[PDB]
Structures are given as C-alpha cells and as structure tokens.
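One structure is given here, and the rest of the page talks about it.
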Amino acid sequence: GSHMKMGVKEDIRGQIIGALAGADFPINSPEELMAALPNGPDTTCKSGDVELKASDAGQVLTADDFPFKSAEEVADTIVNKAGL
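In the numbering used here, each residue carries its 1-based index in the sequence shown increased by 57.
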C-alpha cells in the first residue's frame, strides 16, 4: 500500500480524464475511449520521461473492462496498473 509517488499521478491522470472526455459512453473500453483522445492516434500523457496512456497502460485492461465505471474509474484504474 505504501508508495512515495512522484506527484504527477494526479497530473497525468488529469490528462487522462480530459483525454477520455469525448468518447462514446463514459469510457467505451480502450478501443473507444482511446479513440476519443483529442490527439487522435492515442495521446500520450508522458511527462519528464514517464509515459502513460490508454495504449501503453490500457493494455492491462481486458475485454470485460469495456463497461468502465466512467472515465473517473478508468483514470484511477489505469494509473494503478500502469504504475501510478
């Protein structure tokens, strides 16, 4: 449970939440939610050196993950599995 955390956990996740905004339902699986991303070809919320996004991190999310509990849960979920 204990973790130092750099700080951007919320910062990148911030980019993820907005990055998710626009998709079909509030996060139609990485396919769609990632499709919504403002950048188009899956935006990367990288900072300083660390990189996080639906493509790089979302990989952890399986098919059943489709009906995600809104972008809010996706942001916290992805960062957790991805590292943050």
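In this text, a Cβ means the ideal position worked out from N, Cα and C, and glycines have one as well.
Whole-number beta carbon distance between residue j and residue i, since they are thought to touch under 8 Å
i	j	result
residue 83	residue 128	5 Å
residue 136	residue 66	6 Å
CB of residue i within 9 Å of CB of residue j, strictly
i	j	result
residue 111	residue 141	no
residue 87	residue 118	yes
residue 139	residue 120	no
residue 131	residue 73	yes
Buried or exposed (CB count within 10 angstroms, at least 16 for buried), residue i
i	result
residue 134	buried
residue 116	exposed
residue 91	buried
Spatial neighbours of residue i in its chain, beta-carbon cut-off 7 Å, leaving aside the 5 residues before and after
i	result
residue 81	89
Own chain, CB closer than 8 Å to residue i, minus 5 neighbours either side, in chain order
i	result
residue 100	72, 76, 94, 110
Neighbourhood of residue i by C-beta distance below 6 Å, restricted to the same chain and skipping five residues each side
i	result
residue 79	93
residue 125	84, 131
In the region 86 to 132, which residue ranges form an unbroken alpha helix (DSSP H) of at least 4 residues, counting only runs that do not cross its ends?
86 to 93
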